[PDB]
Every structure is written in structure tokens, then in C-alpha cells.
Amino acid sequence: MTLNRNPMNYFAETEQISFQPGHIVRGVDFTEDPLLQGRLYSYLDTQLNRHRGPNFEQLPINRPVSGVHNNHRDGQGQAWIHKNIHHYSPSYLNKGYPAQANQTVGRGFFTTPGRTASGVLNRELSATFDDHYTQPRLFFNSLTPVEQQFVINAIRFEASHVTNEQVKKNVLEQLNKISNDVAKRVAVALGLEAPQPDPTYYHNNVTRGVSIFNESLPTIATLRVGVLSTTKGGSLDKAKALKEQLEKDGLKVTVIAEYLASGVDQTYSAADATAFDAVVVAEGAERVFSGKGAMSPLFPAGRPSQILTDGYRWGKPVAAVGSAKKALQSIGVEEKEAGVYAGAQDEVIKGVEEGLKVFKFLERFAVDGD
Amino acid sequence: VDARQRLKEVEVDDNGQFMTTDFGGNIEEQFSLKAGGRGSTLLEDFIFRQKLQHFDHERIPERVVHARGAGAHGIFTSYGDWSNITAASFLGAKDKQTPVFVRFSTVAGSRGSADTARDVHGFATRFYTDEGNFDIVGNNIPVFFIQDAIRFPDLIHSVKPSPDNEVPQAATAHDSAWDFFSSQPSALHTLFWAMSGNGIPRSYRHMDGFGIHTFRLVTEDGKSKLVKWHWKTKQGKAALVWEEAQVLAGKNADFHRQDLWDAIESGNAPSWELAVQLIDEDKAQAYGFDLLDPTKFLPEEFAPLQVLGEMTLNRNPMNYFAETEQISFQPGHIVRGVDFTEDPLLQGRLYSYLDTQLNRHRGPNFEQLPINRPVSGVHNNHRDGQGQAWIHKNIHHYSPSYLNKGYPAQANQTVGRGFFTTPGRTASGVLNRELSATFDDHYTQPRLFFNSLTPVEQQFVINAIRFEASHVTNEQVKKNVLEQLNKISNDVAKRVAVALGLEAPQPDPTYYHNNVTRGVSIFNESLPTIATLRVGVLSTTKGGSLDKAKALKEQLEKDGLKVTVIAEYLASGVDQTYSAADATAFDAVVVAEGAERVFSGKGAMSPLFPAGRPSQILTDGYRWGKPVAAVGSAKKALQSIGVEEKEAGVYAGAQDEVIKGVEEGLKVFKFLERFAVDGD
Amino acid sequence: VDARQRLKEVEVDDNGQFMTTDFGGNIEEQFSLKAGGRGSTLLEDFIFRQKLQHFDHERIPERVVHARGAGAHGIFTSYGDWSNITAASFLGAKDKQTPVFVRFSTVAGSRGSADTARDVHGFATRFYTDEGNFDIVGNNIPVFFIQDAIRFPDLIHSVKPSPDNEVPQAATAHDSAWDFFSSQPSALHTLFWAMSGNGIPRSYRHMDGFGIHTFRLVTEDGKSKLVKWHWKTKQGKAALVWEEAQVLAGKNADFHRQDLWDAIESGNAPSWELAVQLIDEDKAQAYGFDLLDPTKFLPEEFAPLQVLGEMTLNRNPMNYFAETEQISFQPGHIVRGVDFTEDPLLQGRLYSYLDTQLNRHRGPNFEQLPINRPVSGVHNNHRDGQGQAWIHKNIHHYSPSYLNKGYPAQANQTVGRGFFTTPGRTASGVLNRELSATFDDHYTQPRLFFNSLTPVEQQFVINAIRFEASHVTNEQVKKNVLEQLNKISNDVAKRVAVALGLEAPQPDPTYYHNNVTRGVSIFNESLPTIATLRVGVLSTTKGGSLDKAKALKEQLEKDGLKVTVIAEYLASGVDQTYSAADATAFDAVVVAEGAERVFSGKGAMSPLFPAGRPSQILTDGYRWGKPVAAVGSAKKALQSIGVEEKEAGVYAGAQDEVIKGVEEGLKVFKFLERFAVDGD
Ligand code: HEM
Ligand code: HEM
């Protein structure tokens, strides 16, 4: 599936749309997943709240393309007028229409015939559901070492915000049942002590496709490069030429400067590293990285220096064009490094576009033990 | 021409189709999904829940007033080019046609009440003009109970059932209503109209209509005249009698709505002529009252009616809910060429009607409903809202803007044919929560109404007040009514007080007078046509009565009447049974020949109908003022109940003689000689 | 003990107080704020808008079914400690008292319809127990139209008015309803109950009540028995006649709701005994039908009723809307000691009643409403919602938590006295959208019902079907009805087909039988008490009749009766006028001495009442099976219409002789000799 159209009104289309798992057709059926079973009730019921009426599938974005024929009448905000005045089944007076459809006639929906119900009526869950630790380990084991650090570092950040000491202890108990290393590593940040190992659910099994960074992107199209430049000297024209070249590969390039000159897409005040997939300093733009240049009324002090610092420290491809290397060495970044490119314009582009395929450079993040 | 042409886009035909969910896909909805043979129903049965949920949410709130009603589609044709008085598009050219919808109602009952309860009646018309919807929301009575809109809750709370037990339904015959009438003497004028024939019309098609308020007509230059809206029925004014109305309320609660349905369906579309009164702005207080007073009407001797057009109701709704129930009238649905006045009652209505739609429709987008949509087109900066059916292309939904290029543009008096308030209008004085002293004359006009009614009609009004005030359990309130009634007429206070077992206070000549005006009476005139009126032909399955009756029916139908042939059971020519029959459903009764057999002896006692049924239909019909008839030997039926052929409205003889007598009598409709008047 | 004790905290007294806005502050709200005396109303008049806004939004949706109804507060007292059969707290100790609320209704009419329309009636009871609210939501008829809940919209859509015109109101006498009954033969059983006296009860206090569904009673150990709920009226079963009900629907739409109000207000609180049938779980298919079939009832010869208690309705509501209108019953309001069964109809109801409250109340917090609140206390993790009336102290609104320390706690069979499904219950088989073949006998039990009625009662059912099926305009549907009727009884098919003018189909003896069961009849038993019943004493203001009439009244009232003294006008002893009087309002009519003057001559023609009024009241009253009487010379009145004192139910003579006679006649209530039976 390819998404080629934008909404015309956000509210009418995006906001008012009502998804349900119970929106099912012939050739599909549910299973006895206790989570799924409840969703079927919930999604239909909650529309009464959002839409204030039972006629929310009469809304243009909820209308089917297949046609609606039944004996449902009235309702709040009824948009249709119904021709059939015999709105009940079975009737002599409607002459059998709307007709009843099933497996054999009318291509109607049907539950799977092989399905059965066996046992006592219970408010319980199957014992096959009681292994809560094996698959999270399976997931963790299947992650690259840096990605593993991210998950642990994420838990360190999150569980740090918990103000109840005992709850944090309770987290460690559950974390420990999965992996002691994780329990050890987290307990450092929380300033607590790792419990004794539990070999019950521990294992080293692995499966594929659960990782994000370890593979390279199929395409770098639409990704954004930010060209840090300046309004005075020769930086702008070089930058403009850099722009057209980059767009051809599929990228979207934003030319940043002190103010909105001829080729300037964005200002330094309105720019930040988060808006870009890669940052590249144009040549002669070094003037704004130190001295009076870094302190202008046109932007907060240290802004260009921060964007470069931010972009590098966040794992993004960083670049300098020719003489621009002083900017990268202003913050302590050597061109020899991985994900950092300095040299001629064509040399840098080729490096950057390759880097975008890498997308994120995990060498720039510290891993436990060291 | 099909007045419902715009509504075609939303008509859904389920014929030849399979059952579907509301989101599409073919289904069967006659069995629930169970776990095992005799098992429990499964929560994963999406088909069940989707079906029941729509049923569970089928109900919307009924109207706060005028809950019980019915409606139809039609066309309004203008008689001229009225730009000399108004800039309105739909009155702007001769032969110009506008689609309309009209809804008739009763004010105090709920959705299930009887059409034939004594009440004020509603007459709300919408004009789907090409300059926007314009609504004349009015009643069948030219005056209202109160002079300030802020008193509407107080009035309505009183007339509606008591908050403790919710008794009584659709009636003013209780203490709270007559407490209000006495405590707020402004209500007395409309009270009298309610107690007249207007309180019990024969049909929606047999009542006049009124805008009640004084409005304004404005021309493109901005010149204005005060106006009053009228609807005069081309079928004539007719009313029932209270003793009849009560029985009819049981045998057919849907009497009025069915009659309107049948008339339209049978090609006999009802029609009204739209008339107005034009008054100069300086003559607002000229005619003995303030024209911003809604408890007063302007006699036609002071200002004759000039008709501008005629409206005909020729189409019925396809779905009652989608069309009749969901429609939302507002007095604030106004267009260029019309404007409001400083009527304290009208001003409040403008707020109320718009606000109350939020309650009934649960959203601000109720004019997107097919029956509320105009034919003229809607362009503005209104966005979002609950149940928004449209998608708006303009993403610059504010004015003034550079980016939308000035569109949608601003229209006014000079440009865009836009609405404008009358330029001559002014505001002068202190800000006050008071009413003008021109509004305090509450007794003069009810007398004028009473004086202008035929002697029998006056008795009806008194007979109504006697019945109603009898149900009041508090003696002092009844004393208060006599005090207020006496200020109108000493005769009325005297005559009513007999029933209440009280004595009328000594006369007050302060407001007494003998003036008279036209058009306020119902019975004194004869109907223009007898078309659609119904005759019930009492016959029998024994002998040759049925064949004779069949010949009687076809003859009557050719003249335009609707005939029901009643007998013991549904034989070849029999339309209805005696069990299913009652006098209230018919405008005239005629006993066919040989039908005397069921009025006496074994014939009057069959298991096929309750005892005395044929005799009751004739007895009720005669005692209720209807034309009665017997054919040939059928005369025995008339003396079975004590009715002599010599009388008025009674016809006996050969069929040709009988048909003619009945049809002549139906024009009279009701024979007022058969009712006793006070004294005598 | 006043069941509305909990409701005291939310009662508002406006006595002795000044007017206020809804947000506080003292005001005057009778004049709008205007610009310049006879100016326009100002938008800055907050007092006007706040007052009108509440008025405009006063309406809430009426119930999707059972819209027309009335209710009262009461107390339920247990007769014993029923832990042997159920773990229910409200049945757990002898002489134990539980507050209740009961609402009686009709199924097909809207909020304004008549109480005396032919319909199934509702009998819904809430038990405000100390273990949560428990609701028995039931009818006055032990059987239902359909066997699956997914077919409920189809049934209701058919019986309710036609979607094109909304005709007819509160009636099954149209093509769509009888189309359904014939096409869905499951509906036939309840159809017969509807056409019997059950379709037109005398009062709410004169009908039995049924849970209809089979439920389960569970003990603390978890042992279960299948159960059926019964309410047996301690006032006796009584019904009207159709010809009476129709006239009554017009003269008093509020007949049932007023009667319940007056009874409680007069110290005569109605009472019912709560009875049950206990069936072993293994005996579900034992008695000739499936006990999960709601189109079946279980004869008392197979399982007699055992009474567990008595409930009495001794309190009236203070506000109808807040209490009666807003109350929300659900079969899913269940407690420990009760459980559901795999009745396909009951299963669906559980979804519907909860879901539909979202529509009527516009929110999920409707059990926060005072009349829906339990007396047992509510503690859970439900938060937010529209119109949330509570503030929650616990900021840990999730259940598996350390921080709330496990509260609110989880309760079950063993701990916390919590609810539990019956432990023996199982599910076996394929997942199916079909119904059991044990459900396929639609004709045997209606035959059983018909056979168990007195010959006149049998005629009534037939007379109702003749009337109803007469209104069907499609001949083929009537043919279809005869086919289904024939499968039950050939005689019924024969007798009905006469009225329809059709031919009786040839007999089908497949389902024919002569079996009989008890308790399903209304007339064959006499009323336990004549208390609360109403007698209308027709008198006159002329002569000594009034004093004579007054003396009769004083005598009657001690026995429990309610007497209305009728005359030309409201004299010293006069309760009601002749204009305001009708036979439908009385259980018995008795002419006082000297009242003969108004039954003939000038007396019968007065301006104070419609002509023939006193004569009709006697005529109607006699013809409707009621006890009729004359005192002394009053015999002149009875022979005016052809009624000899020699007859049954008619009493003439001395006052003392008459009194004893009427009171005797009232126990019989209705005299069935006065109605003709087929063949004769
Ligand atoms: C001469 C005075 C009045 C006339 C002629 C009149 C007429 C009517 C009519 C015909 C309707 C029925 C509309 C329909 O059929 O859909 C109606 C409803 C209504 N009226 Fe009045 N009325 C009057 C007084 C008032 C006043 C003074 C107020 C408020 C201050 C008011 C508020 C309302 C409201 C809120 C509705 C409900 C409309 C809806 O739910 O669609 N009325 N009126
Ligand atoms: C044996 C079968 C049934 C019985 C005894 C029954 C009885 C009743 C009664 C007495 C009421 C009145 C509630 C009140 O007085 O406040 C009611 C209302 C209602 N019933 Fe039924 N009914 C039955 C069948 C059904 C079925 C099969 C459904 C749905 C599948 C249903 C859905 C409803 C709904 C939605 C209401 C409206 C209640 C409200 O709006 O608060 N009923 N019923």
C-alpha cells in the first residue's frame, strides 16, 4: 500500500475517523485472544462518546464504498431517507428484502465452522500465559550491544523518576527474572543493589528483524540535510550549489544563515539540529563559530556551534566543506572519525549520502563496562 | 415538480439487496452467536452489537413544546412582483415557485398525545428560497399568552403536567394552568381562543394561520412597513365539539395527521393563501394598542388583508423521523426584505429556537441535515463541529485575510444582496427591565373576540371554561378566575360560576364594550368544498343492503367525498366493521336501506361488535351536530334514537334525495341548533 | 420508614426564599433587559438567557420501549431466611426490609400515549439491597414474542408506528405488526396474552408480574436451582373491555398513573407477593419445552409457586422526572445469590439496557443519579466521565498496584462476598448462529392458554383479534394470520375469519389439544378487596336528591371505596360535574334517588352538560359489564335504557339494599353475561 493523498480537512477526515477491530469482512475471523475479544466491544461503544450518536458510519470518512442496506432507522443526525417502510425481518410486505446473507448465499460473513467451545465458564487465564520473562530476554538478546544499552539506559532514565523506593525494588525483582546484567546495570543509576541471579527463565536464544539500526536504509529519499552558512562572503553561493546537488539524490535541503537572503531557507534563530537527518557546514561559514560571529543579535549565542554539537552528539552524519574543518575542531571532532566527513564538496556529499544509509553512528555512545 | 427533489440524493433503496452492516458487508441478523447449542451469546458477535446499538440509540429528545405534530412538503407560488413592499426573493416575481415544508402541532402534549386534545395549534412554514431559508413560525391563533419571552418557562411549566405525578397529559384542565391564567391576566385573550373552535380543529387543513408578531418588510432602498402574516385556508374553517374530541382522542389519536396524509395521497392537496396587513410605522400605536404587543390582533376593518400568494401541500415525507421529526424551525431564519420588531416576546424567541437545537440534535451542525439544508448554498468560515458532513477546501477560515483572496466575501445592503437591519430603526432611553404601559390592557380584546362570535360559538367557549375550571381543586383559584372573567364580561362570570357553584362578583364596566370584528368565527360561514370529508355508510350483510350501499358509495365518491361502508364483517363491499367503527371518524352518517335490522332486535346484538354499536354511531353523530341520513325503509333507525326527519341536518328518503341533502349539509358541516344555550 | 430517606439530601425547598440564578445571587426574572423602553432585548441580559437555556434543554430522550409509564417507592419485606435456596442478602433473613422502586409501563406508545391502550405491560422492580442494586425487569405477561434478542429491533419496528407517516400510535392494529406475528410464529403466544384481559388491565395494582426468563439461584456453597420470578397481586387480577378502554384513552390518558398515585396518597398502598418456581438444573427440558425458551411458561401443576416475601408501594415520587423518568433498570443489575441462564433473549438484554443508558442520559455516570444510586456503597477505579459528581481520594486508579496497598480489593465466591457465575456451568459444541430445535413448538402453549380461559374470556381474545386484524389492509397477510391461528385452534381460525370476510382453513390437528392450566385467567376469580375502587353516584341539584346522594357516599367510603358525587354543577356535596364525568372513571355506577329528572325531559337537555350525558354514563357503565344501581324511585333511570333490576349485576331498591348489592357486584367486578358469545 502506498499513501499518496493528504486530507483536505484534518477534522472531517483524520480526527473523525473511527477504527474498530470489529470492522471485519468475509474471509477473516477472530480468535479466542482475551485481549482481542474485549476490543470488539470497546471500539464500537467508545464511538458513542466521541461522535455523540449511533450514525458515525454515515460520516464521509467512515462510509463504505460497498453500500449499506439494512433495517436500522432513526438515530441522531440521520443523513439518509429510507424508502422501505417495512423495516423488520421476516416480512411478507418487503417481499424478502433486504435479504439474509451467509456462507452459501449472498457472500455473507460466517464464523469458522470448525470452531468450538469446551469447558467450564471461567474468570481465569490459561496457564500457557504464565511465562512473562522468556520473550523479553529473547528480544533483548536479539539487539545490537548499543541498542541493548539504549533499552537499559532508557529504563535508567524512566525508573529514576519513580519517587517510591520500594517500587524501584519491585522493578529490580522483575528485571532480574529476565536478565541479571540488565538488573545490575539499571540498579547502578537507581543507586540500589542487584538481587541474586535467577536461572529459571535465563537463555541465549535469538530471532531476526527485531532490530532497527543494525541494517541500512533502502533509500535516503526525503531525508533532510541542514546547510549551516552565512550571509557575507562566498559561503552562500557555494551552499546554493550544494543544495541543488543534494536534492537530486532525493534529499530535502535547508539553507541556514543569519537572515533570509536570496538562497536562505531558514534562519539560525529558527533552526535546530533535531529538524535534520544530517548537518553540513558550508565553506566560509566558519565565521559564525567563533569570535564576534558566534554572538549576533540575529540569533541566540552559540547557536550554529550548538547545532553542530547537537548533530554530532546525536549520532548524525556531520560534515565540513574544505576550510570548514575548523568548525568541527572547534568542538573536538576529528575528520578521521566515523560519520564525520571533511574535504571537497563532492567528497563530502558522497560520504554523507553513504552516512544517511547508516543513519545513526553508534560509536558515539558509551556502553557499560569501561 | 416534486417538492422533495433535493432529498433524492439521500434516499436509500434496500430492495433486491442483501442485509449489511452499517460499515458494509453482507450479513444475517436473525440468530445470535452462541458457544454451544444452548450456550451463552458471544461478545465477539459484532453483528448483534452493531444492530442493537443503533436500535438502542434510535431515540432523540422530543420538542420542548409542540412535541406532537405532523408535516408535509409543498410549493409556494407568488401572485405578483412585490418589490414595492419587500425585497424578498421569493416574493420578488410573479409565478415564482419556492419549495416549502409545513408542520402543524399542539403545544403542550408529548410525542404520543392525541391530535384532538384541546390546545393551541402550531402552523410552522419553511420557505426554501434561493436567498436562504425563511421561516414563518406561527400558530392557528393570532394572539399569545405572554408579553415577554422571559415568561415562556413560567407559562409552559403551568400548562404542562404537574411535576409530582406528571398529570394531566395535554390538558389545561388543572390548577396550575388556571392559576397562571388568573395570576397573569395577559393570558386571557389566547385562553378564549383556545376555548373556541380553534382549540379543537377538524383538521390541519381546516385552520387559519398567523405570524402573531408584527414584523417588518423592507425594500432595497430601505423603506419599511409593519406587517402581520396570515394563512387563510382554501378548504374553510371547521371545528369539532369537545364531547366529540374526547372520544376521538381514544378511537384515533392520529386523526389529524392521518387526514393530512390521506388528503395528499388522494390527490386532494390542501392549500392556503398568504395574506398580510400593512401598517405605517407612525401608526404603530394608532389602533388602540401597541403593535409590539403579541397579545393583541389588528382587526381587518382597520387593515384589510392583501394576498401575495398561495401555498399548496402536495407531497408527503418518505421517512417521518428524517423529515418531520428532525426539522428545526427558527424565527431567526430570516432573509433580506424582512426584519424583526421590538416585540419583547419575539426577541426572546430568537435566542431560544437556535439554542434548543443543541438539545434535540446534540450538535451545532443540524442545518446540514437534508430537511434543514437550504437550496441556496452555504459558504462561511464555520469549521469542525459534531458530525460534520462536509469537507472544506478553504484552509484560510478567517476574515479579513490576504490568503483567501477576500473570500468568502462580506455582503450587505449595497453589495451581495446581503441582510441588513432597517436603517430607520432607533434605540432611545434608559436600559430597563419593565414593560410599556401600552401593554396593560388585558380585557378589552378578549371581549372583542367574544362579541364577534355567533351565539352558539359563545356557548362553546363558556362550556369549555366550565369544564376546565371544574377540575381545579382549589376554590380560591376558581374565585380568581371569576374575578378575571368578570373584568371581561359579567355574563361570562355569571354563566361560568353556575358550574363552579360560586357567585359572580358585581359587574365591572371598566373594560366592557360591544365592538365587533370579522374573521374570528369558524361556524358562521360555510365550507368552500366538501371534498375529502368523510361519510360513514352504516349497512349490513343481510339482504340487499350491501348492493344498495355500494351504489351509494360510488355516487358520493364522484363528488369528492371519501366513503366507508360499515357492516357486521368484511364482506365484498365492506370497508370497515362495526367493531372498528366510531362516529368520530366521519363527517356525516347515512344509514343504508335495510340496515334498520342492526338498530333493534337480534341484529343490534351480535358477537361481531359491542352492543349498541350501530345505534351509538347514529346517536353520537347526531348529538355531535353532524348531518345524519337514512335511505328508504332506513327511517326506523332514525326513530330508534328519537330523531325526526323534519329536523335540520337530518335527511330521509330516496338515494338521490339523501345524497344531495348530505352534501348540502356538509357545507354547513355542523348543525348548531342541536346545542342548548344558557338560560332558555 | 419512608424509602426516599436517601433522597432527602437532594431535596430543594424554595419556600420563603428569593429567586436565584443557577450559580447563585438574587434576581427578578419577569422582565427582559431592553434598550430604551420599547426597545430590543439585550444580549447582556444574563438573567434571561440562563433561565431560557435550562428551559430549552429540559428534554431528555424517552425510553426506546416502555416510554409511557409511572412509578412509586416502596419497601420489600422478606418472609424468611432463604439461604437454603439463595445467597441473596435481601432474602437472607426473616422480616428483613429492603427499599424498592417499581415502574409500570406499556411497550409501544411514546411518552404521551394512553395508559389504556392495548399493549403488553411492564413491571420493573429495583431492590436497593446492601449488596448492591438488583433488578427484576419484567412484564405482566409470563411469555415474550421472540426467542432471540437479535430479533428485538425487528419486533419493535413492526409494532411501533409506520416509518412513513408515524401512524398508528400505541396500537398493534396495523399491517406491519400482524405481518410480524404471522411471519414469526414465535410471537403467537404473547399475542394471545395481549388480546386477553392482560392487554387492558384495570390498574397497575391489578396485574401479576413475571421475570419471564429462567434465572438461577445460588447458595454460598455454589449449589444452583433454575428459577422463575412471580409477583402475585394482593389486590386481585382485573381487566377492562376494549370498547371501554378506547373511550377511556380519550377521557383520561392518565388513568393508570393517576390511580396508582391516588391509592398510595390515600393510605391504600398496593402490595405484591414475591413468589418463585424452583426447578432442578437437570429438569431443564423436562416439562414439554426448553426452560431457556421465553415463549413458554411453566404451569403450577408441574411446579407450584413458593412465596418468599411481600413488597408494598407506600411512597409517591416528589418529582416525576428526577425519580420516575430518570431511573434506569437493567437485568444486568445482578447480585450474589443470583445468576443468568443461557436464554438467548436474556443474553442480549444484558448488552442493550446498559448501552441504551448512554443515549438517554448522555453520559456513563447515570448510576450517580440519586434514584439510580445504591445504598451499599461504590468503590472502584472508574474515573472521569461526563458530569462526574464525585471526587476520588485514591490517586492510584489501577488494580494491580503496590501503592494503594491492594485497595479496592478483589472479591469472589470465597472472599469479599463477591459475585460469581455458577461453578457447574459449561460450554459444549460448535460456535453457532442457530437456535435449538426444542424451540420449534410455537402453537401448543397458546392453545393451552386459550383452553384455560372462561368462555367469555375466550371470546374477548377472539373479539380483539377480529378488531385488530380488521385494520390490516393487505388481504394476504390476513390469510397468513388465519393459517397461523389455524395451527393453534380451528375454532379460533373459524371465528376470526368471519369478521375478516375470509374462509376458515381446513383443520390441522398437529398441535391441537385440550390441556388446561391455572392462574392464567383474570375474571374467573373474585377480587380479595373492593378497597380503592371508584363509584360514581349520579344525582341532581334539584329537590332532595343531593342530600340523599351525600348520605349514600358517607356509607360507601368506610368500606374502602372512593365515591364521586356527580350533578349539574358544583353544589355543596358535588365532587364532579356531568360535563366532566364519564363511565370509564368508575368501577360502578349508582343513580341516586330523584336523579331520574335528568334522564328524560328537559333535565337531559341542559347547557351545563352535553345532551344525553347522564343517560350515557348509565348506558356505557351497564354495557361495559360494571355493577349498576338505582335507589328507590331511581328505577325510572334503569328502565329508560332497558335494564331490569331482575338482571345480574343490577340493583334497585332501598339504599341499604343497594349498597350491599354494589359491594357484592364489585367483587365480581365485571359481569360477563352481558357480552355475546359466538354461536347463538
Ligand atoms: C407567538 C408566540 C409563539 C409562537 C407562534 C410559537 C410557535 C411555535 C411553533 C409552531 C413551534 C413548533 C416548531 C416545529 O414544529 O418544529 C414552536 C416550538 C418552540 N418554541 Fe415556540 N411559539 C411561541 C412562543 C415561544 C416563546 C416566547 C419561546 C421562547 C422564549 C418559544 C420557544 C420555543 C422553542 C425552544 C421550541 C422548540 C423548537 C424545536 O425544538 O425545534 N416559543 N413554537
Ligand atoms: C422477556 C423479555 C423482556 C422483558 C420482560 C422486558 C421488559 C422491559 C421493561 C419492563 C422495561 C421498562 C424499563 C422501565 O420501566 O424503566 C424495558 C425497557 C427496555 N428494554 Fe425490554 N423487555 C424484554 C425484552 C427486551 C429485549 C430482548 C431487549 C434488547 C435486546 C430489550 C431492551 C430494552 C431497552 C433498550 C429498554 C429501555 C430502558 C431504558 O431506556 O432505560 N428488552 N424492558
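Residue numbers (the UniProt record's numbering), protein chains in the order written: chain P, 347 to 716; chain D, 37 to 716; chain G, 37 to 716.
Every residue, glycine too, gets a C-beta built ideally from N, C-alpha and C.
Tell me whether residue i sits in a helix, a strand or coil according to DSSP, three-state version.
| i | result |
| --- | --- |
| P:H418 | coil |
| P:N448 | coil |
| G:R554 | coil |
| G:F251 | strand |
| D:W426 | coil |
| D:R483 | helix |
| G:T546 | coil |
| P:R570 | strand |
Alpha carbon to alpha carbon, how far is residue i from residue j?
| i | j | result |
| --- | --- | --- |
| G:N510 | D:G637 | 34 Å |
| G:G555 | G:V698 | 26 Å |
| G:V254 | G:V534 | 52 Å |
| D:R154 | D:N499 | 13 Å |
| P:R633 | P:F707 | 28 Å |
| G:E700 | G:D595 | 12 Å |
| P:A665 | P:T600 | 15 Å |
| G:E470 | D:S68 | 7 Å |
| P:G580 | P:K530 | 55 Å |
Relative to the alpha-carbon of residue i, which residue among the options has its alpha-carbon at the smallest distance?
| i | options | result |
| --- | --- | --- |
| G:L224 | G:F559, G:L518, G:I83 | G:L518 |
| G:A673 | G:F707, G:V625, G:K706 | G:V625 |
| P:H549 | P:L563, P:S525, P:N560 | P:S525 |
Indicate whether at least one CB of chain G lies closer than 9 Å to the CB of residue i.
| i | result |
| --- | --- |
| D:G580 | no |
| D:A628 | no |
| D:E519 | no |
| D:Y356 | yes |
| P:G460 | yes |
For chain D, find out if any of its Cβ atoms is closer than 9 Å to the Cβ of residue i; answer yes or no.
| i | result |
| --- | --- |
| P:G639 | no |
| P:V466 | no |
| G:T655 | yes |
When the cut-off is 9 Å and only beta carbons count, does residue i lie next to chain P?
| i | result |
| --- | --- |
| D:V411 | no |
| D:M55 | yes |
| G:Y438 | yes |
For residue i, write down the residues that DSSP places opposite it in a beta bridge.
| i | result |
| --- | --- |
| G:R162 | G:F137, G:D171 |
| D:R99 | Its beta-bridge partners do not exist; DSSP assigns none. |
Comparing the CB of residue i with every heavy atom of ligand 4, is any distance shorter than 8 Å?
| i | result |
| --- | --- |
| D:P189 | Questions concerning ligand 4 fall outside what the structure shown contains, since the ligands it does hold are ligand 1 and ligand 2. |
If you measure beta-carbon to beta-carbon, which residues of the stretch 488-511 of chain P are closer than 8 Å to chain A?
-> The structure shown contains no chain A; the protein chains it does contain are P, D and G.
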